[PDB]
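Written out below as structure tokens is the structure these notes cover.
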Amino acid sequence: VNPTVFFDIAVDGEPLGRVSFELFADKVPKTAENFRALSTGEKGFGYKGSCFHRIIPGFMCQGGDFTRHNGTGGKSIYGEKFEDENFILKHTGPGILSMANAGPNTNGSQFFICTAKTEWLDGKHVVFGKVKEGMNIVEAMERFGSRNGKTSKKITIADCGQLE
Amino acid sequence: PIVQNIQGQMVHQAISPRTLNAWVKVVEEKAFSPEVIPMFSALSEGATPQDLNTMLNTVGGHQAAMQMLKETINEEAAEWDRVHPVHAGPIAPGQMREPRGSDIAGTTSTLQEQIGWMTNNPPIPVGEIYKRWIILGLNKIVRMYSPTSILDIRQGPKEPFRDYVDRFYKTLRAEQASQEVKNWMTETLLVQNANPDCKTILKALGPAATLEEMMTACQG
Amino acid sequence: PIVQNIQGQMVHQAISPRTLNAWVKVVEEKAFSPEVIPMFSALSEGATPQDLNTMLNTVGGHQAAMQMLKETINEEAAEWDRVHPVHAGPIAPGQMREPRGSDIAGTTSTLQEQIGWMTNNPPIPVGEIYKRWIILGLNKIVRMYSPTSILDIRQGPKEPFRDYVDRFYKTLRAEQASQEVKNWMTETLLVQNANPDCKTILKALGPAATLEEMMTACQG
Amino acid sequence: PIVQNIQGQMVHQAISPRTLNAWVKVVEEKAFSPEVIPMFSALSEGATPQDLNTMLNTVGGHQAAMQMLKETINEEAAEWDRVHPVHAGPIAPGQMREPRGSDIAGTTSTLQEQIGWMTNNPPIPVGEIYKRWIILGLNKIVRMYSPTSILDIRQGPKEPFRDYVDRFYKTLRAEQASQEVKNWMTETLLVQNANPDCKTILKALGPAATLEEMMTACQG
Amino acid sequence: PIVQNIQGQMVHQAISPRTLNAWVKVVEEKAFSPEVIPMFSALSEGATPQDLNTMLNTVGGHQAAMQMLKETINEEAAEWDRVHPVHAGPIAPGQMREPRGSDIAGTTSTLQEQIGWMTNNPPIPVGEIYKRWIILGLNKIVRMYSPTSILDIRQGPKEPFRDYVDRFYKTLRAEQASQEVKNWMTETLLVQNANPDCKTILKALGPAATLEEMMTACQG
Amino acid sequence: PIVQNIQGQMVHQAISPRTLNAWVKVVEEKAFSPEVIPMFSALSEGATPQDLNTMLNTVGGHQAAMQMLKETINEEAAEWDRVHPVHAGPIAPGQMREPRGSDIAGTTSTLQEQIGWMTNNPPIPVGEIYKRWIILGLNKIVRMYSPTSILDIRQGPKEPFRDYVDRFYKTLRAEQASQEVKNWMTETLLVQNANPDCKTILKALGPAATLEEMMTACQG
């Protein structure tokens, strides 16, 4: 019933590990379909070969800008941006997958994986999934980031797709 | 157009002459009216860009409309190439190179490459993108064919209310400026331009009146 | 529309162009007759809401009637939402999607969601619900297109009983009422509005006589 | 044609009676209008030179055009044989010999040799070259059927701009000039040959004139 | 109206007389114009429902407009009661009960309850809700006090373009039917109703023309 | 507008009604003149964008000028967006996000966000940027409201030099041009357009004579 997608992560081309995500399509369906479809690449464009452009140790890893590769772009499967579906789920801990945005109703394709409990984000970013397998791969990724987000090595989504 | 098999996979299939004949006949007989876009979308479901270029080049006559459609497709392809630059260098073995705007149009690519794009893993919907572009072009064409503007509608002293509302909604569907603007128009302009007798019969029902009672008022 | 595919697994099969051409032709040739409702119900058996939207968009002309149809579909969706709101209850162990007024009308529901709602166990009758709505709308349209009231049906001085009863029953079928009202009307109105020459003949037969007896009586 | 079996070897298939009937019908019905070349390229896809020769021979009438097409095919075959040497002698097994011009024309070969040349590795597009020759011939034919020239089009005092540009683009599609010269023609003569009123209208419109704004300006 | 102190907390403050005097003067001197709503929203920032009932009851004259505003407030209060139903069962220790639709207006509640509602934890914005209702009522009032409709605008042969566009935008801001419909109107109705000479001067710039060049064209 | 509050902590203080009344009076009597831009800058020192929106909404009449101002604000917002791109993503807990092009105009930015952007360290100059935009708009409007051009200013036969130079400098200040161009414009236009007797009187003083000597020349 709820889809599961994976990401095979790479640090400058060396394979690092697989993170897999359960998308809560039963509560945030339109948000979950957009991450699912961008992971499969079935609509022609997507995450494969994009990188995490902003990694802040102890906060979150952000990625998903496949058009401009630096947080200023990305687009959804419904157009460039769409509404905040709802705020049922909250940022309760590491592994929560939440939507990045540029204020309300500006969701595109950027997402962030929390590596800590970030309750201040509640009510401001839609949560739509959580890490299933691979959280120590997300944790190891932190080491390649910095206080301001700049990463030291290129961290890419080498491959991604749907598992179930 | 691609068609699924018994085991679920799909492979290219030659375009049926019946589809082309029906498309050309409906274009000739029904000219360029609002009801060509649904039939076009229904006729060419899953059609490759070559099949759409066939269905467009095969339309004899109305060459100005076809040139408008070609210009619209050209602008959409240019915008697609600007928003999605293609990478250079060697391409991965498990991935086929991504198409450009002129190749999304299907102008400079072979049919086998279209089939590989459409049956890739994950599949790339070039046919759906080019169909969306053609549908936008056809919307602009049916906008151009619109005979009269929406504001110039005024019912004659003898023209029945049925013909008036028919003409009104015809040019309204041919306008397609927006949805909420259309909703405001069907509230205001519909009752603003009635014949005085039936006009006051409609005003007797107030703005809360629906179309059914609006018509059966002036009926009989 | 989806169809049972060998073996026992329903897969989506797009609407065939020949079906759309048959629908366009029957709407062109027969306009809006009482019989179209059965032809529409038989041309779209088990159709996804997208197929019914395609068949309602492919119509040419009669835009007023299509507008009444769309408005009645909206009203049925509104009433459906009102009759089927989410009241608080313990969550079900198994979750199945749910069709909204807008999810049933095929406006904001993607084709995959409708295929899911149809092929899932237990199935959600979205197709039959949308067909009931469209059939109610078509009944409204065909009862509006009635040229004259059933009360005005009267036989000419030399008009044969054949054409008289044909036209009378046609207008009665186009007319809308309960079955008992029709049972009373066929006994109170048919014999009275007949031509006096054959009216005496029908009166000589009896009040509760059947149609065939009167028809063979005034035959010739 | 050569239909590619699903997940299997491509199998040869005889041309469909439906395809041949549609071809002979469009020939008989529309004579030689500029769209017969796109419709022919659509009907004949992946077809062998035997199939193309059959599709050409089934045409009845217009024997002058048929003889001109055969002469064009002969000239193309002569040029091919002149600019391509033909090898002879013992040929290694599993490798077909050098296709001559008379063989690529299909006049001195057989279906077995055609399928062999179309299945070789790398494939040799004998069908795609013979179709190119047939399209060159059909282009010569449609140029010969052009009733009036392009430089001699003048808009009538009452004939509207829509009809004028329709005739102009039809004659442009029939024209034989290269695409680079074809552009300057539609840029200049379109506004240089119109009636004085909309001529001054488009002159006030000035440069960057596109068909949509031209037609919206010449309204009324 | 509540006011913040040095420590940061807020407490009720008596309404200043030269606010009531300024409001009464601007209401009488300017009567009803689109620029009374910003003045009202600026004068009573943070005012309790009692203060708004004061500012409304203090308006002598134009009693029909005040009754319209009272009726609009009445209907708005009923909708709030219908949309949210009070919950049953035990109430949390840190929370206490909310106001009703009629008590949002402050008609049946004392000032201390309003202050407790506005400075509660979390605060309840009854003042902002009643201000929104009053602003909607004032919008309807300034709609009624519009002296013409948007369609009847036609510039006279001598009336300058400046006065025409001033009247147009005045009755357009007084229309407030929508925002995108306003955007379509300012494109179509603004260009459609000009004096023939300046009309064709504006047509010389095409639809891409902006308002500045639109006016400096007819200027001088 | 925010103001330095004892001690050293800026807190939000709503706009005073007396300031709004002064603004309405200066836009009632002075209307649009060169002096309004300086008066506006002094009445709105350090004002949040909401206060400037309130001061621009309270203006009654002159709707064309307000629309020009709104459109120029939109243009400046688009240019700011094109020059200062805003990156999407989660915000830092300590610092605020970079304001977009429409967050400056107070359209979609809540008052709290603006207060944050102003009181934060380092501060974001949203108020001064929006004031620069409004000042550009007001300059456009006051250069439009000029009745005649500076080239048309000419002295009457008996019109004293006082009124002539006053009107000339008033029109020159209302006119829009670089100060470097004005330096030549004055020395070329002031003496030439004067009365012949006063023309010779000023030419007797010299070309580079100052304004006071030129004045005391024809004094009385």
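Simple scheme: letters A, B, ... for chains in structure tokens order, numbers from 1 for residues in each chain, numbers from 1 for ligands in the order shown.
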12 Å contact set for residue 42 of chain C, only C-alpha atoms, chain neighbours under 3 positions out, as a ChimeraX atom specification: /C:19,22-23,35-39,45-47,131,135
Requested write-out: N, CA, C and O atoms of the selected residues, as a PDB file, in the first residue's frame:
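What landed in result06.pdb:
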ATOM      1  N   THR C  19     -15.431   3.474 -31.454  1.00  0.00           N
ATOM      2  CA  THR C  19     -16.504   3.775 -30.512  1.00  0.00           C
ATOM      3  C   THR C  19     -16.783   5.271 -30.466  1.00  0.00           C
ATOM      4  O   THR C  19     -17.947   5.696 -30.451  1.00  0.00           O
ATOM      5  N   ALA C  22     -18.629   6.223 -33.601  1.00  0.00           N
ATOM      6  CA  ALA C  22     -20.026   5.809 -33.513  1.00  0.00           C
ATOM      7  C   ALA C  22     -20.818   6.760 -32.628  1.00  0.00           C
ATOM      8  O   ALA C  22     -21.956   7.121 -32.946  1.00  0.00           O
ATOM      9  N   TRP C  23     -20.228   7.184 -31.508  1.00  0.00           N
ATOM     10  CA  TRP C  23     -20.919   8.118 -30.624  1.00  0.00           C
ATOM     11  C   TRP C  23     -21.134   9.468 -31.301  1.00  0.00           C
ATOM     12  O   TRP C  23     -22.228  10.039 -31.229  1.00  0.00           O
ATOM     13  N   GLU C  35     -33.987   7.307 -27.101  1.00  0.00           N
ATOM     14  CA  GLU C  35     -33.171   6.082 -27.346  1.00  0.00           C
ATOM     15  C   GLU C  35     -31.667   6.317 -27.147  1.00  0.00           C
ATOM     16  O   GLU C  35     -30.966   5.318 -26.896  1.00  0.00           O
ATOM     17  N   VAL C  36     -31.174   7.554 -27.262  1.00  0.00           N
ATOM     18  CA  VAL C  36     -29.703   7.783 -27.130  1.00  0.00           C
ATOM     19  C   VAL C  36     -29.247   7.272 -25.759  1.00  0.00           C
ATOM     20  O   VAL C  36     -28.207   6.589 -25.706  1.00  0.00           O
ATOM     21  N   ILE C  37     -30.015   7.542 -24.699  1.00  0.00           N
ATOM     22  CA  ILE C  37     -29.633   7.030 -23.380  1.00  0.00           C
ATOM     23  C   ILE C  37     -29.235   5.558 -23.431  1.00  0.00           C
ATOM     24  O   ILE C  37     -28.166   5.212 -22.902  1.00  0.00           O
ATOM     25  N   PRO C  38     -30.023   4.649 -24.020  1.00  0.00           N
ATOM     26  CA  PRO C  38     -29.566   3.253 -24.093  1.00  0.00           C
ATOM     27  C   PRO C  38     -28.335   3.074 -24.960  1.00  0.00           C
ATOM     28  O   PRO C  38     -27.449   2.283 -24.618  1.00  0.00           O
ATOM     29  N   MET C  39     -28.253   3.795 -26.081  1.00  0.00           N
ATOM     30  CA  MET C  39     -27.066   3.709 -26.923  1.00  0.00           C
ATOM     31  C   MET C  39     -25.824   4.195 -26.187  1.00  0.00           C
ATOM     32  O   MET C  39     -24.747   3.604 -26.333  1.00  0.00           O
ATOM     33  N   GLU C  45     -19.807   0.631 -21.730  1.00  0.00           N
ATOM     34  CA  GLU C  45     -19.927  -0.350 -20.659  1.00  0.00           C
ATOM     35  C   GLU C  45     -18.617  -0.465 -19.892  1.00  0.00           C
ATOM     36  O   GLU C  45     -17.562  -0.727 -20.472  1.00  0.00           O
ATOM     37  N   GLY C  46     -18.694  -0.270 -18.576  1.00  0.00           N
ATOM     38  CA  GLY C  46     -17.518  -0.358 -17.733  1.00  0.00           C
ATOM     39  C   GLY C  46     -16.439   0.651 -18.052  1.00  0.00           C
ATOM     40  O   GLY C  46     -15.251   0.327 -17.962  1.00  0.00           O
ATOM     41  N   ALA C  47     -16.821   1.867 -18.431  1.00  0.00           N
ATOM     42  CA  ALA C  47     -15.854   2.875 -18.837  1.00  0.00           C
ATOM     43  C   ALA C  47     -15.330   3.638 -17.630  1.00  0.00           C
ATOM     44  O   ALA C  47     -16.089   3.976 -16.717  1.00  0.00           O
ATOM     45  N   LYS C 131     -21.953   7.049 -14.408  1.00  0.00           N
ATOM     46  CA  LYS C 131     -22.918   6.731 -15.451  1.00  0.00           C
ATOM     47  C   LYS C 131     -24.340   7.065 -15.016  1.00  0.00           C
ATOM     48  O   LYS C 131     -25.126   7.563 -15.824  1.00  0.00           O
ATOM     49  N   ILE C 135     -26.644   9.732 -16.884  1.00  0.00           N
ATOM     50  CA  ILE C 135     -27.949   9.291 -17.364  1.00  0.00           C
ATOM     51  C   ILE C 135     -29.049  10.195 -16.829  1.00  0.00           C
ATOM     52  O   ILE C 135     -30.009  10.507 -17.547  1.00  0.00           O
TER      53      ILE C 135
END
Exercise answer, chain E residues close to chain B, 9 Å and only C-alpha atoms, as a PyMOL selection string: chain E and resi 177-178+180-181+184
Secondary structure check, alpha helix (DSSP H) residues of segment 4-214 of chain F, as a VMD selection string: chain F and resid 17 to 26 36 to 43 49 to 57 63 to 83 111 to 119 126 to 144 161 to 174 179 to 189 196 to 205 211 to 214
Interface list for chain F, partner chain A, 12 Å threshold, only C-alpha atoms, as number ranges by chain: F: 81, 84-100, 102-103, 108-110, 113
Put those residues in a file: C-alpha atoms, as a PDB file, in the first residue's frame.
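Final file, result36.pdb:
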ATOM      1  CA  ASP F  81      13.765  38.954  -8.271  1.00  0.00           C
ATOM      2  CA  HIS F  84      18.499  38.815  -6.304  1.00  0.00           C
ATOM      3  CA  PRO F  85      17.433  35.171  -6.660  1.00  0.00           C
ATOM      4  CA  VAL F  86      16.049  33.487  -3.541  1.00  0.00           C
ATOM      5  CA  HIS F  87      17.154  29.925  -2.829  1.00  0.00           C
ATOM      6  CA  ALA F  88      14.528  27.506  -1.543  1.00  0.00           C
ATOM      7  CA  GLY F  89      15.034  25.302   1.493  1.00  0.00           C
ATOM      8  CA  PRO F  90      14.607  25.130   5.262  1.00  0.00           C
ATOM      9  CA  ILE F  91      15.506  28.297   7.141  1.00  0.00           C
ATOM     10  CA  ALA F  92      18.100  28.573   9.889  1.00  0.00           C
ATOM     11  CA  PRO F  93      16.700  28.907  13.437  1.00  0.00           C
ATOM     12  CA  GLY F  94      18.718  32.034  14.209  1.00  0.00           C
ATOM     13  CA  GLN F  95      18.516  34.087  11.011  1.00  0.00           C
ATOM     14  CA  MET F  96      15.566  34.893   8.757  1.00  0.00           C
ATOM     15  CA  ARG F  97      15.193  33.988   5.095  1.00  0.00           C
ATOM     16  CA  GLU F  98      16.097  36.350   2.285  1.00  0.00           C
ATOM     17  CA  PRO F  99      12.918  38.239   1.294  1.00  0.00           C
ATOM     18  CA  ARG F 100      11.592  37.534  -2.183  1.00  0.00           C
ATOM     19  CA  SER F 102       6.968  40.263  -3.366  1.00  0.00           C
ATOM     20  CA  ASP F 103       7.903  40.095   0.328  1.00  0.00           C
ATOM     21  CA  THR F 108       2.368  38.005   1.026  1.00  0.00           C
ATOM     22  CA  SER F 109       4.636  38.962   3.962  1.00  0.00           C
ATOM     23  CA  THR F 110       3.001  39.062   7.387  1.00  0.00           C
ATOM     24  CA  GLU F 113       8.106  38.724   9.119  1.00  0.00           C
TER      25      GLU F 113
END
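In this structure, atom CA of residue 169 of chain F sits 14.4 Å away from atom CA of residue 210 of chain F.
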Close residues, residue 190 of chain E itself excluded, 12 Å, only C-alpha atoms, min 3 positions apart in chain, as JSON, numbers by chain: {"E": [150, 151, 152, 153, 154, 155, 161, 162, 164, 165, 166, 167, 168, 169, 172, 182, 183, 184, 185, 186, 187, 193, 194, 195, 199, 202, 203, 207, 209, 210, 211, 214, 215]}
Would you export the selected residues with N, CA and C atoms as a short mmCIF file (atom, residue, chain, number, x, y, z; two decimals), in the first residue's frame, please?
data_model
loop_
_atom_site.label_atom_id
_atom_site.label_comp_id
_atom_site.auth_asym_id
_atom_site.auth_seq_id
_atom_site.Cartn_x
_atom_site.Cartn_y
_atom_site.Cartn_z
N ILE E 150 -19.69 48.26 -15.02
CA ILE E 150 -18.40 48.31 -15.71
C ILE E 150 -18.58 48.31 -17.22
N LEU E 151 -19.67 47.71 -17.71
CA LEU E 151 -19.84 47.56 -19.16
C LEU E 151 -20.34 48.85 -19.81
N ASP E 152 -21.07 49.68 -19.07
CA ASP E 152 -21.69 50.86 -19.66
C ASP E 152 -20.69 51.97 -19.95
N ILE E 153 -19.41 51.76 -19.65
CA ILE E 153 -18.42 52.82 -19.85
C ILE E 153 -18.15 53.01 -21.33
N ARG E 154 -18.39 54.23 -21.82
CA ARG E 154 -18.06 54.60 -23.19
C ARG E 154 -17.62 56.05 -23.18
N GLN E 155 -16.37 56.30 -23.59
CA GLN E 155 -15.82 57.65 -23.56
C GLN E 155 -16.51 58.53 -24.59
N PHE E 161 -9.12 61.35 -22.40
CA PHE E 161 -8.78 59.98 -22.04
C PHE E 161 -8.45 59.85 -20.56
N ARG E 162 -7.90 60.91 -19.96
CA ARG E 162 -7.56 60.87 -18.54
C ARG E 162 -8.82 60.71 -17.69
N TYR E 164 -11.70 59.54 -18.71
CA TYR E 164 -12.28 58.24 -19.02
C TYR E 164 -11.62 57.14 -18.21
N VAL E 165 -10.28 57.10 -18.21
CA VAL E 165 -9.59 56.04 -17.48
C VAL E 165 -9.76 56.21 -15.98
N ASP E 166 -9.87 57.46 -15.50
CA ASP E 166 -10.14 57.68 -14.08
C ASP E 166 -11.49 57.11 -13.69
N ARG E 167 -12.54 57.43 -14.45
CA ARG E 167 -13.86 56.89 -14.16
C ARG E 167 -13.86 55.37 -14.25
N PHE E 168 -13.21 54.82 -15.27
CA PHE E 168 -13.11 53.38 -15.46
C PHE E 168 -12.50 52.71 -14.24
N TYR E 169 -11.31 53.15 -13.83
CA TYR E 169 -10.66 52.51 -12.70
C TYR E 169 -11.37 52.78 -11.39
N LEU E 172 -14.11 50.36 -11.40
CA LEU E 172 -13.52 49.03 -11.38
C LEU E 172 -13.07 48.64 -9.97
N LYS E 182 -10.69 41.21 -13.23
CA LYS E 182 -10.23 42.59 -13.34
C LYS E 182 -9.06 42.70 -14.30
N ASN E 183 -8.14 41.72 -14.25
CA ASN E 183 -7.00 41.73 -15.15
C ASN E 183 -7.42 41.55 -16.60
N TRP E 184 -8.47 40.77 -16.85
CA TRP E 184 -8.96 40.62 -18.22
C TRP E 184 -9.71 41.87 -18.67
N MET E 185 -10.46 42.49 -17.75
CA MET E 185 -11.21 43.70 -18.09
C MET E 185 -10.26 44.84 -18.45
N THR E 186 -9.19 45.02 -17.68
CA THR E 186 -8.29 46.13 -17.96
C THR E 186 -7.56 45.94 -19.28
N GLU E 187 -7.52 44.71 -19.81
CA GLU E 187 -6.98 44.51 -21.15
C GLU E 187 -8.03 44.76 -22.22
N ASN E 193 -13.20 50.79 -25.68
CA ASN E 193 -14.11 51.93 -25.56
C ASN E 193 -13.42 53.28 -25.73
N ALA E 194 -12.44 53.39 -26.62
CA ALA E 194 -11.76 54.66 -26.82
C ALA E 194 -12.37 55.43 -27.98
N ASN E 195 -12.06 56.72 -28.04
CA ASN E 195 -12.51 57.56 -29.14
C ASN E 195 -11.74 57.22 -30.42
N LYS E 199 -8.40 55.89 -30.38
CA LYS E 199 -8.58 54.44 -30.42
C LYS E 199 -7.57 53.80 -31.36
N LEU E 202 -4.05 53.96 -30.11
CA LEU E 202 -3.73 52.87 -29.18
C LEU E 202 -3.59 51.54 -29.91
N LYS E 203 -4.43 51.29 -30.92
CA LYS E 203 -4.28 50.08 -31.72
C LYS E 203 -2.96 50.04 -32.47
N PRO E 207 -1.66 44.96 -28.52
CA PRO E 207 -2.06 44.60 -27.15
C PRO E 207 -0.91 44.60 -26.16
N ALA E 209 0.90 46.95 -25.50
CA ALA E 209 1.08 48.30 -24.97
C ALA E 209 0.73 48.35 -23.49
N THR E 210 1.54 49.10 -22.74
CA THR E 210 1.29 49.35 -21.33
C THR E 210 0.52 50.66 -21.16
N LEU E 211 0.10 50.93 -19.93
CA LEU E 211 -0.76 52.08 -19.67
C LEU E 211 -0.02 53.40 -19.88
N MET E 214 0.18 54.02 -23.39
CA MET E 214 -1.23 54.14 -23.77
C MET E 214 -1.73 55.56 -23.58
N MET E 215 -1.33 56.23 -22.50
CA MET E 215 -1.82 57.58 -22.23
C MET E 215 -0.97 58.63 -22.93
#
